[PDB]
Amino acid sequence: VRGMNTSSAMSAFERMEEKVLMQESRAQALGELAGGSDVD
Amino acid sequence: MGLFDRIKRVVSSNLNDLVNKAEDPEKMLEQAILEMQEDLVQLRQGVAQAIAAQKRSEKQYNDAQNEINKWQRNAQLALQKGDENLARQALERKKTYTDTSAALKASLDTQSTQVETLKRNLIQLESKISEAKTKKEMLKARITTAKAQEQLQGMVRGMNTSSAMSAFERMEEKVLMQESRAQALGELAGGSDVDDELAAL
Amino acid sequence: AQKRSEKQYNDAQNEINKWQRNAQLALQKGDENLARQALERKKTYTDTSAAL
């Protein structure tokens with residue numbers, strides 16, 4: 156399960172998952188920072 | 001609080017951050033999956049032993065049941081050949097087998113329930129490992145999305161995250177400066205009249 | 053980090069309405085027991101929403 160750390164394998168898996176999500180969030184924020204009615 | 005506790009907390013907080021920098025997602029995801037599967041394999045064998053023990057218990061139950069009828073047949077053979085002595089003695093002994101049959105079936109039932117629960121758990125674990133194996137590919141897709149978006153931002157004029165854009169903009173500015181030099185040199189050393209025709213037509 | 057925090061806020065807000073709907077489903081099918089228990093738990097989510 157996501158929220159418990161009894162197993163080392165899940166610990167590592169979730170840690171890498173969070174690292175990658177953070178990296179993508181960094182990319183998105185950098186996108187924002189530097190910068203359908205009509206077709207409806 | 002203490003002092004040795006504090007020193008060891010500092011040393012640990014340094015070593016852990018040293019390690020967490022070496023971890024690389026693309027490889028540790030696979031390593032986690034590999035160990036996941038190893039553990040599942042080692043659980044299969046426990047389930048197998050449970051099943052084998054159930055087979056043994058049912059076989060014992062069947063054999064006791066068969067001996068019950070065997071001794072009933074022995075009683076009938078006594079009735080055919082012998083007398084009431086052997087005929088009654090056969091059932092006298094058959095008492096024990098009738099007892100043991102139920103005494104064993106009671107536990108055989110619980111054993112069966114346990115084996116069923118174990119099989120269910122094994123299937124659940126297989127499903128969850130498959131889900132994780134899909135999540136790994138989804139995470140790789142996210143990595144690619146991140147790198148693509150970072151590529152796009154490097155294309156904007158005012159930021160220097162990408163070396164290619166750095167060089168491109170540098171040459172652009174150099175050339176604009178050269179043209180400006182030419183224009184200034186032009187200035188340094190050195203439409204009302206034709207708008208009248210617009211009145212003609 | 054701000055994006056993450058707002059997403060958590062939104063999810064807690066959504067779960068508040070989810071458990072309200074569960075209470076209504078209890079009212080439709082179940083009885084006062086489940087209907088009241090849904091809001092009993094919803095207390096925590098209402099707390100966390102503001103705390104976040």
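Chains as they are written, first to last, in the deposited numbering: chain A, 156 to 190, 203 to 207; chain A', 1 to 190, 203 to 213; chain A'', 53 to 104. A prime marks a further copy of an entry chain. Ideal Cβ positions, reconstructed from N, Cα and C, are used throughout, including at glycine.
For residue i, which option in the options has the closest C-alpha, if you only look at C-alpha atoms?
i, options, result
"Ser127/A'", "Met36/A', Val11/A', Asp17/A', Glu23/A'", "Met36/A'"
"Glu172/A", "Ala132/A', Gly2/A', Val156/A', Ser204/A'", "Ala132/A'"
"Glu150/A'", "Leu210/A', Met165/A', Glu137/A', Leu188/A'", "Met165/A'"
"residue 201/A'", "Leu108/A', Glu30/A', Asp39/A'", "In this structure residue 201/A' is absent; chain A' steps straight from 190 to 203."
"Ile123/A'", "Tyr97/A', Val47/A', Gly186/A'", "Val47/A'"
"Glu26/A'", "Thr113/A', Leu176/A', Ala141/A'", "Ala141/A'"
"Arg56/A''", "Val156/A, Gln178/A, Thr161/A", "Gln178/A"
"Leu152/A'", "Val206/A, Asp205/A, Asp207/A, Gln183/A", "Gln183/A"
"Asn121/A'", "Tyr97/A', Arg44/A', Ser162/A', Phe4/A'", "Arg44/A'"
"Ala78/A''", "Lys59/A'', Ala90/A'', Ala102/A''", "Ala90/A''"
"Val156/A'", "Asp207/A, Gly186/A, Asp205/A", "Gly186/A"
"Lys105/A'", "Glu209/A', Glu58/A', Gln114/A'", "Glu58/A'"
"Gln114/A'", "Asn66/A', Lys8/A', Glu169/A', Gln49/A'", "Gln49/A'"
"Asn66/A'", "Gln42/A', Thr98/A', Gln80/A'", "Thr98/A'"
"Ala102/A'", "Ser130/A', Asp83/A', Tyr61/A'", "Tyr61/A'"
"residue 193/A'", "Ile129/A', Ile7/A', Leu18/A', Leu118/A'", "Residue 193/A' cannot be placed in this structure, since chain A' goes from 190 to 203 without the numbers between."
"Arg170/A", "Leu139/A', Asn14/A', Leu3/A', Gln80/A'", "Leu139/A'"
Mind checking whether residue i and residue j have CB atoms under 8 Å apart?
i, j, result
"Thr100/A'", "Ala75/A'", "no"
"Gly158/A'", "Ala189/A", "yes"
"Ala167/A", "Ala22/A'", "no"
"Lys136/A'", "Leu29/A'", "yes"
"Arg93/A''", "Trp71/A''", "yes"
"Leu34/A'", "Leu125/A'", "no"
May I ask which residues mark the beginning and end of the alpha helix (DSSP H) holding residue i?
i, result
"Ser204/A", "Run containing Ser204/A: none; DSSP gives neither H nor E here."
"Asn16/A'", "4–22"
"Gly190/A'", "Counting along the chain, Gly190/A' falls outside any alpha helix (DSSP H), and DSSP gives it neither H nor E."
Indicate, with yes or no, if the ligand FMN has a heavy atom lying under 7 Å from the CB of residue i.
i, result
"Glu38/A'", "For the ligand FMN, the structure offers nothing, since it holds no ligand at all."
Inset, instruction - May I ask you to list, following chain order, the residues of the stretch 164–183 of chain A that have a beta carbon less than 8 Å from some beta carbon of chain A'? - result: Answer set for the stretch 164–183 of chain A: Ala164, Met165, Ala167, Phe168, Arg170, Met171, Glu172, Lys174, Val175, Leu176, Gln178, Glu179, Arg181, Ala182, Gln183.
Legend entry - Whole alpha helix (DSSP H) elements within the stretch 59–104 of chain A', 4-residue minimum: Counting only unbroken stretches of 4 or more residues, no alpha helix (DSSP H) element lies wholly within the stretch 59–104 of chain A'.
Inset, instruction - Would you list, in chain order, the members of the stretch 137–162 of chain A' that have their beta-carbon closer than 9 Å to a beta-carbon of chain A? - result: When C-beta distances to chain A are compared with 9 Å, the residues of the stretch 137–162 of chain A' below that value are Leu139, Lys140, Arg142, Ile143, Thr145, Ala146, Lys147, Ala148, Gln149, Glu150, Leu152, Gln153, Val156, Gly158, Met159, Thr161, in chain order.
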